[PDB]
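What you see below is based on every heavy atom in this structure, not just the backbone, and it leaves out hydrogens, waters and symmetry mates. Just so it is clear: chains get the letters A, B, ... in the order the sequence lines come, proteins before strands, and each one is counted from 1.
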Amino acid sequence: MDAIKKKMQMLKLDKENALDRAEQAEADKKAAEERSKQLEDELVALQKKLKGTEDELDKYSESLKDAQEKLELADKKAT
Amino acid sequence: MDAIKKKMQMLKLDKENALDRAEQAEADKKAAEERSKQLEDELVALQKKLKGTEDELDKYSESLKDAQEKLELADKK
């Protein structure tokens with residue numbers, strides 16, 4: 001094949017190989033973005049579960065405070 | 001310049017443009033995947049915080065139950 005024609009064939013092949021690289025990276029990028037969206041949703045659900053747990057801890061801490069409160073007034077006459 | 005040298009020039013241009021797009025795309029993929037990794041670490045850390053909170057909650061439930069047991073002893077006297 002003529003040298004000039006061969007060079008042109010190679011430039012075309014190089015372009016195609018690069019477009020293929022871009023297509024694959026763009027697909028991988030979209031995949032990562034979707035994974036990140038799902039992870040953000042997991043973090044929000046977990047944060048809500050933690051908030052619920054902290055609220056319950058406060059409820060227990062308050063109830064315990066009342067109990068130790070009543071226990072003192074109670075054991076006033078253990079004899 | 002001949003049309004043959006000119007066509008060759010346009011082909012070299014198409015190639016450079018495709019390569020530029022490929023490199024930008026690979027850089028965006030890298031950045032996106034790093035963000036996913038960052039979120040994964042935030043999740044591990046949050047799960048650890050929740051576990052520690054659930055452990056403290058168990059500690060208080062046990063103490064409250066014990067104080068209720070003792071309060072029963074008081075009344076039952």
Side-chain angles (χ1 to χ4, degrees), chain A residues 2 4-5 7-40 42-43 46-47 49-54 56-71 73-79, chain B residues 2 4-5 7-43 45-47 49-71 73-75 77:
Chain A
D2 172 291
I4 305 170
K5 188 177 187 183
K7 173 73 172 181
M8 296 187 97
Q9 180 183 254
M10 295 302 91
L11 288 171
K12 282 171 282 185
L13 170 65
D14 290 331
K15 178 199 173 180
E16 182 170 4
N17 291 161
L19 292 180
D20 176 79
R21 277 169 59 191
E23 299 178 321
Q24 183 64 62
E26 287 157 358
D28 293 338
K29 174 195 63 64
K30 299 183 181 304
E33 291 175 346
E34 177 48 27
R35 168 87 178 180
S36 279
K37 191 277 179 179
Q38 290 318 320
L39 283 164
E40 286 163 342
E42 293 186 22
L43 281 161
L46 194 66
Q47 189 54 286
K49 181 174 178 178
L50 171 64
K51 184 287 307 173
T53 307
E54 289 172 341
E56 289 313 307
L57 179 62
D58 285 321
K59 288 187 179 181
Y60 274 69
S61 177
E62 287 306 294
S63 295
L64 179 60
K65 286 183 174 179
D66 304 305
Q68 299 172 305
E69 178 76 62
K70 301 182 185 305
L71 271 175
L73 292 175
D75 76 313
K76 58 178 176 56
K77 293 202 62 182
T79 61
Chain B
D2 174 57
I4 292 178
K5 299 188 290 290
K7 189 174 183 180
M8 182 80 84
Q9 196 176 63
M10 303 181 286
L11 288 173
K12 176 179 166 298
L13 272 172
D14 293 308
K15 166 183 171 171
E16 295 200 11
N17 293 334
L19 281 166
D20 174 72
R21 175 184 161 193
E23 297 175 307
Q24 181 62 61
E26 288 164 359
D28 300 332
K29 158 192 163 71
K30 193 178 166 182
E33 283 176 356
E34 175 187 58
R35 164 62 178 177
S36 298
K37 203 285 193 169
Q38 291 172 161
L39 284 173
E40 288 171 352
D41 289 335
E42 210 189 317
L43 189 66
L46 187 58
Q47 299 172 309
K49 184 181 185 186
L50 170 66
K51 178 59 174 180
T53 301
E54 294 176 324
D55 287 343
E56 199 67 359
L57 176 56
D58 295 318
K59 284 183 175 63
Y60 271 78
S61 61
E62 284 302 300
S63 294
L64 182 59
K65 86 114 180 182
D66 186 67
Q68 287 177 194
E69 280 184 63
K70 285 188 297 178
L71 270 176
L73 298 176
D75 300 300
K77 174 60 182 179

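- Between chain A and the options B/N17, B/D14, B/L73, B/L57, the largest number of non-hydrogen pairs under 4.5 Å is found for B/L57.
- Considering CG of A/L71 and CD of B/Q68, their distance stands at 10.0 Å, rounded to 0.5 Å.
- Using modelled atom types, one finds no donor on one side chain facing an acceptor on the other under 3.5 Å when comparing A/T53 with B/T53.
- Interface remark: B/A74 contributes side-chain atoms only to the contact with chain A (heavy atom separation under 4.5 Å).
- In this structure, the separation between CD on A/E62 and OH on B/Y60 is 9.5 Å, given to the nearest 0.5 Å.
- At most 12 heavy atoms of other shown residues, nucleotides or ligands fall within 6.0 angstrom of atom CD1 in B/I4.
- With a threshold of 4.5 angstrom between heavy atoms, A/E56 approaches chain B through its backbone and through its side chain.
- Taking both residues in full, the closest heavy atoms of A/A67 and B/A67 are given as CB-CB, 3.9 Å, listed atom of the first, atom of the second, then distance.
- For B/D28 and A/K29, the salt-bridge test fails: no basic side-chain N is under 4.0 Å from an acidic carboxylate O.
- When each of B/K12, B/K37, B/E33, B/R21 is checked for heavy-atom pairs under 4.5 Å with chain A, B/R21 comes out on top.
- At a 4.5 Å heavy-atom cutoff, the contact between B/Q47 and chain A is made by backbone and side-chain atoms alike.
- Using a 4.5 Å heavy-atom cutoff, the side chains of A/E40 and B/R35 are in contact.
- The two residues B/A32 and A/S36 have their closest heavy-atom pair at O-OG, 4.2 Å.
- A salt bridge between B/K15 and A/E16 is absent, with no side-chain N of the basic residue lying under 4.0 Å from a carboxylate O of the acidic one.
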Verdict with reasoning, B/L11 to A/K7, per side-chain contact (heavy atoms from CB on, under 4.5 Å): CA-CA 10 Å; B/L11 288 173; A/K7 173 73 172 181; over 6 Å; no

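- Neither the backbone nor the side chain of B/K30 comes within contact range of chain A; no heavy atom of the residue lies under 4.5 Å from a heavy atom of that chain.
- Listed options B/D20, B/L19, B/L43 were ranked by heavy-atom pairs under 4.5 angstrom with chain A; first place goes to B/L43.
- Distance check, rounded to the nearest 0.5 Å: CG of B/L64 to OG of A/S63 gives 5.5 Å.
- With rounding to the nearest 0.5 Å, the separation of CD in A/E54 from CD in B/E54 is 11.0 Å.
- Contacts of B/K70 with chain A are made by both backbone and side-chain atoms, with heavy-atom separations under 4.5 Å.
- If you measure heavy-atom distances from A/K49 to chain B, the contacts under 4.5 Å come from both the backbone and the side chain.
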